[PDB]
Structure formats: C-alpha cells, structure tokens
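Okay, structure_16.pdb is below, PDB, C-alpha atoms and all ligand atoms:
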```pdb
ATOM      1  CA  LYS A  30      81.462 -10.048 123.411
ATOM      2  CA  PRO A  31      78.588 -12.322 124.533
ATOM      3  CA  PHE A  32      79.630 -14.749 121.809
ATOM      4  CA  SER A  33      83.102 -16.234 121.682
ATOM      5  CA  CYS A  34      84.424 -18.995 119.455
ATOM      6  CA  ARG A  35      85.950 -21.383 121.972
ATOM      7  CA  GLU A  36      87.761 -23.359 119.277
ATOM      8  CA  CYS A  37      89.785 -20.636 117.637
ATOM      9  CA  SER A  38      89.256 -17.915 120.265
ATOM     10  CA  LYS A  39      87.567 -15.483 117.854
ATOM     11  CA  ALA A  40      84.849 -13.563 119.699
ATOM     12  CA  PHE A  41      82.020 -11.551 118.165
ATOM     13  CA  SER A  42      79.505  -8.919 119.152
ATOM     14  CA  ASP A  43      77.077 -10.043 116.453
ATOM     15  CA  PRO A  44      74.939 -13.119 117.248
ATOM     16  CA  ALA A  45      74.761 -13.800 113.520
ATOM     17  CA  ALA A  46      78.444 -13.173 112.890
ATOM     18  CA  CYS A  47      79.137 -15.863 115.465
ATOM     19  CA  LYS A  48      76.366 -17.929 113.874
ATOM     20  CA  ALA A  49      78.031 -17.769 110.459
ATOM     21  CA  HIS A  50      81.298 -18.505 112.248
ATOM     22  CA  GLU A  51      79.644 -21.548 113.786
ATOM     23  CA  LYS A  52      78.787 -22.791 110.305
ATOM     24  CA  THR A  53      82.405 -22.468 109.224
ATOM     25  CA  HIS A  54      83.655 -24.675 112.059
ATOM     26  CA  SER A  55      80.828 -27.009 111.137
ATOM     27  CA  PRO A  56      80.641 -26.900 107.300
ATOM     28  CA  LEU A  57      77.105 -26.898 105.945
ATOM     29  CA  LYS A  58      78.075 -28.517 102.662
TER
HETATM   30 ZN    ZN B   1      86.373 -19.999 115.199
END
```
Can you give me the file's structure in the form of structure tokens?
Ligand SMILES: [Zn+2]
Amino acid sequence: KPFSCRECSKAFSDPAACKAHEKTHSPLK
C-alpha cells in the first residue's frame, strides 16, 4: 500500500480509492 490514511489508518492500493477517501476526511460539500 503506497497510500495510507494516516488519520484512520485505512490504507489503499488504489491512488483514486485513497483520493476518494481523502475527500471523505475533507468533505467536498
Ligand atoms: Zn481515513
């Protein structure tokens, strides 16, 4: 996993999965 959510320790292997996960820790709306 080159992409790991530091906040909630949820790592991903998809750069976009982590990107969508980024947008859920930082709400777009
Ligand atoms: Zn997270």
Problem - Selection dump of the PyMOL selection byres (((not hetatm)) within 9 of (chain B and resi 1)), as an MDAnalysis selection string - result: chainID A and resid 33:40 47 50:51 53:54
Handout entry: Neighbours of point (79.1, -12.9, 125.1) within 10 Å, using all atoms listed in the file, written as a list in words
Key =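 Nearby residues: residues 30, 31, 32, 33, 34, 40, 41, 42, 43 and 44 of chain A.
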For stretch 34-47 of chain A, what centre and edge lengths in Å (one decimal) does the axis-aligned box get once 3 Å is added on each side of all its listed atoms, as AutoDock Vina command-line options?
```
--center_x 82.3 --center_y -16.1 --center_z 117.4 --size_x 21.0 --size_y 20.4 --size_z 15.1
```
